[PDB]
Amino acid sequence: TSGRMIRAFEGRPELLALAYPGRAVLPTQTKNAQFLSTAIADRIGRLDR
Amino acid sequence: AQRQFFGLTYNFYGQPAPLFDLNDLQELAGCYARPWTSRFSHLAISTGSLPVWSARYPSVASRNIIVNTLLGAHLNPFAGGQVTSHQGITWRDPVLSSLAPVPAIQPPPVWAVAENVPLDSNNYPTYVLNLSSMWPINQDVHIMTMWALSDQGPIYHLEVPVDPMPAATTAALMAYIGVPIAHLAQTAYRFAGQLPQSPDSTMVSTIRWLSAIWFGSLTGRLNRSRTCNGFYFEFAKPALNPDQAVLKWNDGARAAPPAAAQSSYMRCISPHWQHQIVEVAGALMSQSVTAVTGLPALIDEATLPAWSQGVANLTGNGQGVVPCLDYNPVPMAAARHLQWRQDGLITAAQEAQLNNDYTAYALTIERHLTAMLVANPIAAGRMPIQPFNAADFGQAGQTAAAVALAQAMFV
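Line order of the protein sequences matches chains D and X. So in the entry's author numbering, spot 28 of the first sequence is number 352, and the numbers just go up one at a time. So in the entry's author numbering, spot 382 of the second sequence is number 383, and the numbers just go up one at a time.
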């Protein structure tokens, strides 16, 4: 996901992990991990200049 | 993002030099002595609804016209590949940040005076390198070209696809409910002005639809009884606030999509536009879209003035050549009124009154401009307003075809 832009969530930072599922996912082999492995990087964060 | 553009400079109306003076170069409304992103600076802050004009800028279009003439003398890099100077003034830097008196160290060569020189961004390689900061030049040059090609009124583009309005654009459109057209034009100008944008973008397509919708309402084909996608433009009585048309959303019926894709070029064929804000706003808004995306296709030469016949990247007469229509506001208003009574928004008695009101209103516009022309003869040295003849106020042009297109466009 390097190069994309994402929001901050300064009020409580734990939201950051929830806001963008898929980014920096461990290569472990679990049901959720296997699903998240299919996410497309271009659809993280903002979309326009 | 679009990495190349073309253009054309203004035409001297028989005069031997571009029609501006140093004071005009000194009193631009934007940042000091820079023409870029300045076409709305004179009204960024506003009060009331009265049009803004002054002694040496006596028409709503006067400032933009002057800017176009001004740029015609200094755009040599996109023609000759080099920066030049005219009357001891040139750019500060190759980025063309602003104009300044020539320094006495390495004076650039003196510009040779000419008119209607074709322009190509590829003649000036540094633009590509500094695209991120020279982007607004793209928009302004395109605007200048779109005006230079016409002897009577700026040219702009219309189009409507066969698919319904995509959902993404609708999400953007709801941000622009109840805002007048002039403000919308200012917003549209700023968007394509600052940073480079991709031709494929939600914002771009949004403005494209805005241009189409406004034209549909202009003919009266779109109204509160027949919306595009719930959207349409609302009008005030021409007797007062004749220009405060705003955007509205409605739950009523929607016009069905056209049978095939529609597109054409548009122009005002009467001098009225030079002192009528809505024409300027509509033209600029459409031109802004064409600026970022480039010209979809060449324009038909048949109805254009002489110097515009056969411009390299602009005009043609081949197969893939979109025709250009032109109209007169007065018959247009009559057609719009006729649509309103046919759709039942008004009674015939009102329709007769509306035509009388508008014709009287238009008469003042003509009377103002014609009196203003003699006050600023073109031979003086600067052209605050474009010359014309009295008969030009009576030309009907292709107005009948124009309303026919809208009816074929929104159906």
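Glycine residues also receive a C-beta, built at the ideal position from the N, C-alpha and C atoms.
What's the C-alpha gap between residue i and residue j?
{"i": "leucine 29 of chain X", "j": "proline 36 of chain X", "result": "7 Å"}
{"i": "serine 122 of chain X", "j": "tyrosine 128 of chain X", "result": "7 Å"}
{"i": "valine 96 of chain X", "j": "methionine 135 of chain X", "result": "7 Å"}
{"i": "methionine 373 of chain X", "j": "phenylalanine 236 of chain X", "result": "29 Å"}
{"i": "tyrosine 58 of chain X", "j": "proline 385 of chain X", "result": "6 Å"}
{"i": "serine 50 of chain X", "j": "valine 161 of chain X", "result": "32 Å"}
{"i": "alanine 353 of chain X", "j": "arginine 255 of chain X", "result": "28 Å"}
{"i": "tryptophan 148 of chain X", "j": "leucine 9 of chain X", "result": "9 Å"}
{"i": "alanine 343 of chain D", "j": "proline 167 of chain X", "result": "26 Å"}
{"i": "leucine 196 of chain X", "j": "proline 137 of chain X", "result": "7 Å"}
{"i": "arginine 368 of chain X", "j": "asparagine 377 of chain X", "result": "15 Å"}
{"i": "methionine 204 of chain X", "j": "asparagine 69 of chain X", "result": "27 Å"}
{"i": "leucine 364 of chain X", "j": "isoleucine 144 of chain X", "result": "29 Å"}
{"i": "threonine 291 of chain X", "j": "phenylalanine 7 of chain X", "result": "12 Å"}
{"i": "residue 293 of chain D", "j": "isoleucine 214 of chain X", "result": "Given a span of 325 to 373 for chain D in the structure shown, any question on residue 293 of chain D remains unanswerable."}
{"i": "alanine 189 of chain X", "j": "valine 322 of chain X", "result": "27 Å"}
{"i": "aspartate 366 of chain D", "j": "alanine 62 of chain X", "result": "44 Å"}
{"i": "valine 349 of chain D", "j": "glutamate 338 of chain D", "result": "16 Å"}
{"i": "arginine 383 of chain X", "j": "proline 17 of chain X", "result": "12 Å"}
{"i": "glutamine 187 of chain X", "j": "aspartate 244 of chain X", "result": "15 Å"}
{"i": "residue 415 of chain X", "j": "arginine 336 of chain D", "result": "The first residue shown for chain X is 2 and the last is 412, placing residue 415 of chain X beyond what the model contains."}
Taking C-alpha atoms, which residue in the options lies nearest to residue i?
{"i": "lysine 238 of chain X", "options": "X/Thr70, X/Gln351, X/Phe232 and X/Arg255", "result": "X/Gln351"}
{"i": "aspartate 22 of chain X", "options": "X/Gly398, X/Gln387, X/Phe394 and X/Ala381", "result": "X/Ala381"}
{"i": "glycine 317 of chain X", "options": "X/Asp327, X/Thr85 and X/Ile300", "result": "X/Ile300"}
{"i": "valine 375 of chain X", "options": "X/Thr365, X/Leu174 and X/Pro388", "result": "X/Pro388"}
{"i": "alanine 357 of chain D", "options": "D/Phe333, D/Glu338 and D/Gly346", "result": "D/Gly346"}
{"i": "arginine 225 of chain X", "options": "X/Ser212, X/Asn242, X/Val247 and X/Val111", "result": "X/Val247"}
{"i": "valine 114 of chain X", "options": "X/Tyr125, X/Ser99 and X/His75", "result": "X/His75"}
{"i": "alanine 392 of chain X", "options": "X/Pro272, X/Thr188, X/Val180 and X/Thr146", "result": "X/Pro272"}
{"i": "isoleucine 368 of chain D", "options": "D/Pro337, D/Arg336 and D/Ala341", "result": "D/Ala341"}
{"i": "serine 264 of chain X", "options": "X/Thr360, X/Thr171, X/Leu406 and X/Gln310", "result": "X/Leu406"}
{"i": "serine 206 of chain X", "options": "X/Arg337, X/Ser289 and X/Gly194", "result": "X/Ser289"}
Determine, using beta carbons only, whether residue i and residue j come nearer to each other than 8 Å.
{"i": "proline 102 of chain X", "j": "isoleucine 90 of chain X", "result": "yes"}
{"i": "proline 306 of chain X", "j": "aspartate 152 of chain X", "result": "yes"}
{"i": "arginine 342 of chain X", "j": "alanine 335 of chain X", "result": "no"}
{"i": "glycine 231 of chain X", "j": "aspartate 252 of chain X", "result": "yes"}
{"i": "residue 1 of chain X", "j": "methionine 286 of chain X", "result": "Lying outside 2 to 412, the shown extent of chain X, residue 1 of chain X is not represented and no answer is given."}
{"i": "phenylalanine 234 of chain X", "j": "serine 218 of chain X", "result": "yes"}
{"i": "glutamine 83 of chain X", "j": "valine 293 of chain X", "result": "no"}
{"i": "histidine 158 of chain X", "j": "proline 258 of chain X", "result": "no"}
{"i": "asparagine 329 of chain X", "j": "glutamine 275 of chain X", "result": "no"}
{"i": "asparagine 117 of chain X", "j": "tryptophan 308 of chain X", "result": "yes"}
{"i": "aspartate 25 of chain X", "j": "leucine 71 of chain X", "result": "yes"}
{"i": "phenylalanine 411 of chain X", "j": "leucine 223 of chain X", "result": "yes"}
{"i": "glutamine 340 of chain X", "j": "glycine 154 of chain X", "result": "no"}
Quick one: is residue i buried, meaning 16 or more other Cβ sit within 10 Å of its Cβ, or exposed?
{"i": "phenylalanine 13 of chain X", "result": "buried"}
{"i": "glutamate 302 of chain X", "result": "buried"}
{"i": "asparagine 139 of chain X", "result": "buried"}
{"i": "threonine 352 of chain D", "result": "exposed"}
{"i": "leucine 185 of chain X", "result": "buried"}
{"i": "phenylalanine 79 of chain X", "result": "buried"}
Can a CB atom of chain X be found closer than 8 Å to the CB of residue i?
{"i": "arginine 370 of chain D", "result": "no"}
{"i": "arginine 347 of chain D", "result": "no"}
{"i": "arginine 373 of chain D", "result": "yes"}
Between residue i and chain D, is the shortest Cβ-Cβ distance under 8 Å, so that the two count as touching?
{"i": "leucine 355 of chain X", "result": "no"}
{"i": "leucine 196 of chain X", "result": "yes"}
{"i": "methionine 286 of chain X", "result": "no"}
{"i": "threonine 203 of chain X", "result": "yes"}
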